[PDB]
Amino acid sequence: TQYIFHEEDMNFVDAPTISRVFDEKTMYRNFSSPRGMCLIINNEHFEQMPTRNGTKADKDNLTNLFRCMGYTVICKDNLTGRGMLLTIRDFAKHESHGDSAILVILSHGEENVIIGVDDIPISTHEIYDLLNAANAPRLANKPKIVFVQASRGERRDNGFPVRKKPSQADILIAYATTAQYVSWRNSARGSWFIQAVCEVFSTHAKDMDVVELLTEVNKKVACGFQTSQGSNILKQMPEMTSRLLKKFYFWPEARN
């Protein structure tokens, strides 16, 4: 048992349903033949910070998932702080953008900070500024989904017993963990959050918009995942920050 996403696991929609279901007023347009581009930033090795084992299994599974959902995936292993900014700024340039963009950052981080391979910190806010309609007019009015697989602090959740658009518009960040809290991985399996994303998305991307999916993802890690070390049993609570104006479905078709 070492979870891996398979094309077969994916459920797909047909054009008919998309023609029927779609509604410009309530949902984002996402029908580009290549849905759009997906930039995955994968930091595994650091100068003065431990190796991020099993971040390869995440990257691969995510690459499969987003390719299966009709995306053009691009990978950038081990980027410096200044590297992530520049890559992201350039990504916003790729005029080959479809109806939606997806950014995935897999790295070490703190609250509002993503740490580069050179151990240099990066303000998450600055990376969102690169995506706003001002700095990415090639992406203005288009939905941008960012997945951040990184810690955001060193707190350990112990759990409990059971017209004009404002510039920041059309962006949703899917975090693996709440602010100031740690994000768990496992050399063996991989990211709690990444596996959840793969499971849920596989099954419900066709009929659930991202926010519902991520709510399921939230439910899967919160209720499903647990770890420990002589002091307590630890939990993890992923968190989605949304500045969307409409419902956003991936509408995975026959483009894997």
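All residue numbers refer to positions in the sequence shown, first residue = 1.
- Going from residue 162 to residue 163, the model skips 10 or more deposited residues, which lack coordinates.
- With 145-153 and 118-126 compared on mean CA B-factor from the PDB entry, the stretch scoring higher is 118-126.
- Taking the mean C-alpha B-factor of each stretch as recorded, 33-41 and 183-191 are not equal, and the higher mean is that of 183-191.
- Among 240, 15, 237, 244, the highest C-alpha B-factor recorded in the PDB entry belongs to 15.
- The PDB entry assigns residue 46 a C-alpha temperature factor belonging to the highest third of its chain's modelled residues.
- Ranked by C-alpha B-factor against the other modelled residues of its chain, residue 3 falls in the highest third.
- Ranked within its chain, residue 231 lands in the highest third, by CA B factor from the PDB record.
- When the modelled residues of the chain are ordered by their C-alpha B factor, residue 59 lands in the middle third.
- Sort the chain's modelled residues by C-alpha temperature factor and residue 166 lands in the highest third, per the entry.
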